[PDB]
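Below is one structure; the comments refer to it alone.
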DNA sequence: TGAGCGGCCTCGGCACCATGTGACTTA
DNA sequence: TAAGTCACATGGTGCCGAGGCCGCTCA
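See below:
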């Protein structure tokens, strides 16, 4: 239950320099981690300019809950119109101090990120593909639940959900064929063919993967302590102009 | 309402006649286009266009549609222009205030 | 059901004027091609006169059976009342258009003079800002400021909670 | 000027 | 007034009524309020119901509340303790009503917070400590500890909900002072008591009384509208609570501060806060001037922070990234309407087809906010770029098939306002006039501006262009070329054929202006005979009724014009070839003349009304035939005996100061020797 | 001005699946 | 020691009757 709030950044800011100023301001050492991930390793997802820069800023004091574990995750690519976004979990009041310092030090323009319906479908696609230490990608199947809150006159239809079990989801994926985006290619077309609902047009408020994560229109909350690389990448292509 | 229905029938009859005349005209012009292998347009003679200039419920339809959507477009033009104008008044009030502020800052 | 009749005759008259305009255009270009062989590359100065003769034929027909219906006021046909409704909504908004245009033009003049004034002010302030010179222990200072804050807040608490009858801003 | 006027005439033809 | 403090010194029944009525008429000054509250608190011979009636009906300030009034009030809000027993106890209902009246109107924040521990004051202290907390540095963990300690304290009633409101305001304000939402969780979780606390009533009858008193008070100091707005925003701050040597630019609070430390001023890189938007001077008191201050402190170039902020927040609006693309659009418009480099950069990077496809509404708004003020830096290449942009938007509008789409016409009106700004200056006037001619060419094409599918937007753009041409023709001091006032015959005859009365009036205005300019020009040039052709065709179409005898009308010979009349059935063939070719026969001016005739009948109180719904020679003759003996003596418009006299009398009424059709009457009064005497 | 019905709405009690962790077993 | 099965105790979504204030609302 770690909600991730997403904010975009107008500039490619380099964090390996100047973080000592943040350490002096906050009177505590942060555990900045540098990684260079290549998310679209699939040939159909692109084979060039796939490298990202992943920063994991962490206000490390103690490890009991998110009151002392408000992580910060930054992702960046210099070959894009918008070059950087951040996402941070927890509810500590030092996080907005970190954001204010980031603004006042790098001169960046920061705005909250809202996901569209197709963006949420692509994020649900991204959050099942897991990278393994043997450098392979594994699709872990979760019993999804598309959850809608339509606005109709006289509040005729307040809300309606579409629950899809795990074995039915993998059966739909195997029926479509060998694909790496199951929801956008197999689940959503099956829903459209059966019930007539275009879920990329309907007001979709959340899709819930049971036991793993439940992404919303403005936040992503995950049972897992971190956020995988595919979700970060899909958020990064989401905010492009 | 019977007079409205028979006038609707008369106008759809006239519309169908005009659609027929369009269909025959476009068939003739397409046949002449097919029989003319010259892709490049010939320069039009002025004397031929002169002779064209000497030669030749519709108007009720014309004035009704014209006046109706003319009034509608004028009304919505008032709506958009008045919103833009009150935006201009607000912007000019703010701009005059900050103009006085910059003048005082220049003097000081 | 009368509103349905008026809506219906509205799209019928829209399609009617559309088909008549394009029919007139196709008829005139058909005459041009049939008199020539393939002359379809007529200039803008000739296409415009084709548009002019179209426009005068259109408004001449409008006036022509405007003569037919408005000469003798029957005051019984509903098309007659449709003509007065259309006319009274057409001529109503004529003055407000020019009034709003003139007011917004005066607004535009105000924009022009305000922009000129601000351009002058920015020019002067850039000239002045280039003439100013460039911009150029504390361990006990923060401690004595903290002591000042604690002493003054304790003074506020003692002045309020003791019922002292002179509360003032003591620096 | 001349190319712009011819471009406007092309617009008028295309209209 | 002096009656108020005279009654006050007298009090040191009739006096109460006099004080009430003089407060309801004038209102007391700040020393008068001080003396009144000092007399009311110290004595107890006055009845308590009359005490609360005074503090709810008589205390009416006129100007600023001084600090001494607040200090004197604070002296009376205390309670007798073990260190102060000589002073008497002020009644708690009087204290609560005085705090409520204070609601009606760093040290002081702690003063009000330490008075918040009083139980009976808590229902009205809370708006004061909310409104005092305006800055993030105001809150502190000791304040939070005291608030939580008094909130969770038993023996109180209003403490949970109101203190939860205080903590919610603090959480919405600072975003620091490590997390206090779990402290809110420890306090009540009913969402009902603080729901009633978050909306507060201020006795709007007393608000109206103070409103009228303050409106009677000082000119240009508290006007009524700003007082109502300030009270409304102070209440809405309660309502929406559910969700050292150098000086920084934030800490500067007054215009005096900027002077002595301008070379010691440090501009911060906090662009989003200072560009995105009170009687107290603070960081947000001078937030208006920050954008200009950055461009003064840092010399103007296309790398400064406000330019990048405007570019980025406009790309966000075009890419549909922002939720509300109407909060930052006025900010971008206000910043970039001036400061020519930023406006030119926005025009170069955004005024094209690609960003038109993304969002045409925001592009229309930025064209309304940028184009009317722009003046180019490079004269060459501007005309070709603007022709390309207008052609692109015209193809984009016309491929849709919907003629209701008015973006091209609206941006055309904006660029005609830009041409107005260009021709206001004598330099680069040829570029503006050529662009005006290009816009006139685009506006008159029969894809949006037809005689069947009307478009009053295009007519408004056209009459705006004609108005700018008339205002340009009156400038003698500018030696522009003579060829830039004509628009060709092909536009003029077409817009003469158009049935729009305002557009015909604008065309007559353009002809009147261009002839009054052309009178000093030689009488035989390439364009003088063109203007002569214009006026002879327009006069023949408007008044002469001699179309068939002319050589041509609007470039069309009258043989075709007669052949259209052939096979064109008219119910009466008395006068067919001259019935509807006049001022009453014009499609845009037929019923207008009938309205004018009816108003002339109403003005003269004529018993006879023109029953026929068309003014022509046949109807005029029949109207005199049916009522000959009544017309002969009295009961109709005086001084009119024929149809020509009727048209002249109509033209008199169109020349009055009540219609937007002045210019047609002046056109007929100018270029007609018979009508030259009516000028 | 004053009583007054209806959508709202939150309290909270209940119902049920969902969930994370220690204890314990398997390899 | 990595992984698995287990009941267990808490988290949480949905539901609904009670009741309160609100929101005009109409005489």
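Protein chains in written order, with the entry's author numbering: chain L, 2 to 242; chain K, 5 to 60, 69 to 120; chain H, 4 to 139, 147 to 181; chain P, 98 to 112; chain I, 2 to 13, 25 to 117, 130 to 267, 285 to 318, 328 to 729. Built from N, CA and C at the ideal position, the CB exists for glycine as well.
Inset, instruction - State yes or no: is the beta carbon of residue 34 (chain H) nearer than 7 Å to at least one beta carbon in chain I? - result: In the third chain, counting from the first residue as 1, residue 34 (chain H) sits at position 31. Output row for residue 34 (chain H): interface = no.
Legend entry - Distance between residue 514 (chain I) and residue 123 (chain H) (C-alpha atoms, nearest Å): On the third chain, position 120 is the one that residue 123 (chain H) refers to. On the fifth chain, position 464 is the one that residue 514 (chain I) refers to. Straight-line Cα distance between these residues: approximately 29 Å.
Inset, instruction - Output yes or no for whether 7 Å exceeds the beta carbon distance between residue 33 (chain K) and residue 19 (chain H). - result: Counting from one through the second chain, the residue named residue 33 (chain K) turns up at place 29. Counting from one through the third chain, the residue named residue 19 (chain H) turns up at place 16. Contact flag unset, no.
Legend entry - Close-in-space but distant-in-sequence residues of the same chain around residue 75 (chain L) (CB under 6 Å, 5 per side omitted): For this step, residue 75 (chain L) is matched to residue 74 along the first chain. These residues qualify, in order along the chain: 56, 87.
Legend entry - Residue range of the alpha helix (DSSP H) that includes residue 80 (chain L): For the purposes of this step, residue 80 (chain L) is taken as residue 79 along the first chain, with counting starting at 1. It is not in any alpha helix (DSSP H) - residue 80 (chain L) carries neither H nor E in the DSSP assignment.
Legend entry - Environment of residue 29 (chain I) [buried if 16+ CB atoms lie within 10 Å]: As a working mapping, residue 29 (chain I) is identified with position 17 in the fifth chain. Per the 10 Å Cβ criterion, exposed.
Inset, instruction - Compare the Cα-Cα distances from residue 412 (chain I) to each of I:543, I:426, I:368 and report the closest residue. - result: Position 362 of the fifth chain, counted from the start, is the residue given in the question as residue 412 (chain I). Closest option to residue 412 (chain I), Cα to Cα, is I:368.
Inset, instruction - State yes or no: is the beta carbon of residue 108 (chain P) nearer than 7 Å to at least one beta carbon in chain I? - result: The count along the fourth chain starts at 1 and reaches residue 108 (chain P) at position 11. Chain I contact via Cβ: present.
Legend entry - Cβ neighbour criterion (16 or more within 10 Å) applied to residue 24 (chain K): On the second chain, position 20 is the one that residue 24 (chain K) refers to. Flag for residue 24 (chain K) reads exposed.
Inset, instruction - Return no unless some Cβ of chain P is closer than 7 Å to the Cβ of residue 41 (chain H). - result: Within the third chain, residue 41 (chain H) is the residue found at index 38, counting from 1. No, its Cβ sits nowhere closer than 7 Å to a Cβ of chain P.
Inset, instruction - Express the C-alpha separation of residue 546 (chain I) and residue 520 (chain I) in angstroms, rounding to a whole number. - result: Locating residue 520 (chain I) in the fifth chain gives position 470, counting from the first residue. Locating residue 546 (chain I) in the fifth chain gives position 496, counting from the first residue. Distance between the alpha carbons of residue 520 (chain I) and residue 546 (chain I) is about 17 Å.
Legend entry - Straight-line gap, residue 465 (chain I) to residue 421 (chain I) (C-alpha atoms, nearest Å): Residue 465 (chain I) sits at position 415 when you count from the first residue of the fifth chain. Residue 421 (chain I) sits at position 371 when you count from the first residue of the fifth chain. Taking the straight line from one Cα to the other gives about 6 Å.
Legend entry - Three-state class that DSSP yields for residue 180 (chain H) in the structure shown: For the purposes of this step, residue 180 (chain H) is taken as residue 170 along the third chain, with counting starting at 1. Coil.
Inset, instruction - Take every Cβ of the stretch 17 to 31 of chain H, pair it with every Cβ of the stretch 568 to 575 of chain I, and state whether three or more of those distances are shorter than 8 Å. - result: no
Inset, instruction - May I have the straight-line CA-CA distance separating residue 594 (chain I) from residue 361 (chain I), to the nearest angstrom? - result: Taking the first residue of the fifth chain as 1, we reach residue 594 (chain I) at position 544. Taking the first residue of the fifth chain as 1, we reach residue 361 (chain I) at position 311. Each residue's alpha carbon lies about 59 Å from the other.
Inset, instruction - Assign residue 151 (chain I) to buried or exposed, taking buried as 16 or more other Cβ atoms, counted over all protein chains shown, within 10 Å of its Cβ. - result: Start at 1 with the first residue of the fifth chain, and residue 151 (chain I) comes out as number 127. Flag for residue 151 (chain I) reads buried.
Legend entry - Chain-ordered chain I contacts of residue 77 (chain K) [CB-CB under 9 Å]: Along the second chain, one-based indexing puts residue 77 (chain K) at 65. Going along chain I in sequence order, the residues near residue 77 (chain K) (Cβ under 9 Å) are 502, 503, 504.
Legend entry - Spatial neighbours of residue 112 (chain I) in its chain, beta-carbon cut-off 6 Å, leaving aside the 5 residues before and after: Residue 112 (chain I) sits at position 100 when you count from the first residue of the fifth chain. Result list for residue 112 (chain I): 148, in chain order.
Inset, instruction - Using a Cβ-Cβ cut-off of less than 9 Å, list which residues of the stretch 338 to 360 of chain I approach chain L; keep chain order. - result: 355, 358, 359
Inset, instruction - Just the chain H side, please: which residues come within less than 8 Å of residue 31 (chain K) by C-beta, in chain order? - result: Position 27 of the second chain, counted from the start, is the residue given in the question as residue 31 (chain K). Result: empty, since nearest Cβ-Cβ is about 10 Å, beyond 8 Å.
Inset, instruction - Could you round the C-beta distance between residue 548 (chain I) and residue 50 (chain H) to whole angstroms and report it? I think they count as a contact, below 8 Å. - result: The sequence position of residue 548 (chain I) within the fifth chain is 498, counting from 1. The sequence position of residue 50 (chain H) within the third chain is 47, counting from 1. The Cβ separation is near 17 Å, so there is no contact.
Inset, instruction - Please check if any C-beta of chain L sits within less than 7 Å of the C-beta of residue 398 (chain I). - result: As a first step, residue 398 (chain I) must be located in the fifth chain, where it is residue number 348. No, residue 398 (chain I) lies away from the interface with chain L (no Cβ there is under 7 Å from its Cβ).
Inset, instruction - Keeping to the same chain, check which residues put their C-beta closer than 7 Å to that of residue 117 (chain I); ignore five residues upstream and five downstream. - result: Reading the fifth chain from its first residue, position 105 is the one you call residue 117 (chain I). If we look at residue 117 (chain I) and ignore the five residues flanking it on each side, its Cβ neighbours are 73, 77.
Inset, instruction - Could you work out which residues of chain K lie near residue 37 (chain H), taking near to mean beta carbons separated by less than 9 Å? - result: Here the question's residue 37 (chain H) lines up with position 34 in the third chain. Ordered by position in chain K, the residues that pass the 9 Å Cβ test against residue 37 (chain H) are 32, 33, 36.
Legend entry - Same chain, Cβ closer than 8 Å to residue 199 (chain I), neighbours up to 5 away in sequence not counted: As a first step, residue 199 (chain I) must be located in the fifth chain, where it is residue number 175. Taken in chain order, the residues that qualify are 160.
Legend entry - Bridge partner(s) assigned by DSSP for residue 139 (chain L): Along the first chain, read from residue 1 onward, the residue named residue 139 (chain L) stands at position 138. L:131.
Inset, instruction - Return helix, strand or coil for residue 113 (chain L), following the three-state DSSP convention. - result: Here residue 113 (chain L) refers to the residue found at position 112 when the first chain is read from its first residue. In the structure shown, residue 113 (chain L) sits in a strand (DSSP, three-state: E or B).
Inset, instruction - Find the nearest neighbour of residue 418 (chain I) within the set I:139, I:460, I:438, I:626, judged by alpha-carbon distance. - result: Against the fifth chain, residue 418 (chain I) aligns to sequence position 368. Looking at the Cα atoms, I:460 is the closest of the given residues.
Inset, instruction - Sort H:32, H:114, H:55, H:86 by Cα distance to residue 108 (chain K) and report the nearest one. - result: As a working mapping, residue 108 (chain K) is identified with position 96 in the second chain. Residue 108 (chain K) has its Cα closest to that of H:114, out of H:32, H:114, H:55, H:86.
Inset, instruction - Give a yes or no on whether 7 Å exceeds the smallest Cβ distance from residue 515 (chain I) to chain P. - result: Residue 515 (chain I) sits at position 465 when you count from the first residue of the fifth chain. Residue 515 (chain I) does not count as touching chain P.
Inset, instruction - Go ahead and label residue 212 (chain L) buried or exposed: buried means 16 or more other beta carbons lie within 10 angstroms of its beta carbon, across all protein chains shown. - result: As a working mapping, residue 212 (chain L) is identified with position 211 in the first chain. When all chains shown are included, residue 212 (chain L) counts as exposed.
Inset, instruction - Kindly indicate if chain I contains any beta-carbon less than 7 Å away from that of residue 126 (chain L). - result: Against the first chain, residue 126 (chain L) aligns to sequence position 125. Residue 126 (chain L) does not count as touching chain I.
Inset, instruction - Say whether chain I places a C-beta atom closer than 7 Å to the C-beta of residue 157 (chain L). - result: Locating residue 157 (chain L) in the first chain gives position 156, where the first residue counts as 1. No - not a single Cβ of chain I is within 7 Å of the one on residue 157 (chain L).
Legend entry - For residue 217 (chain L), three-class secondary structure by DSSP: Within the first chain, numbered from 1, the residue matching residue 217 (chain L) stands at position 216. Looking at residue 217 (chain L) - three-state DSSP - the assignment turns out to be strand.
Inset, instruction - Note down, in chain order, each residue of its chain lying with its Cβ closer than 7 Å to the Cβ of residue 469 (chain I), except the 5 sequence neighbours on either side. - result: Here residue 469 (chain I) corresponds to residue number 419 of the fifth chain, with the count starting at 1. Correct list, in chain order: 482, 485, 486, 518.
Legend entry - Environment of residue 121 (chain L) [buried if 16+ CB atoms lie within 10 Å]: Position 120 of the first chain, counted from the first residue, corresponds to residue 121 (chain L). Buried, because 16 or more other Cβ atoms sit within 10 Å of the Cβ of residue 121 (chain L).
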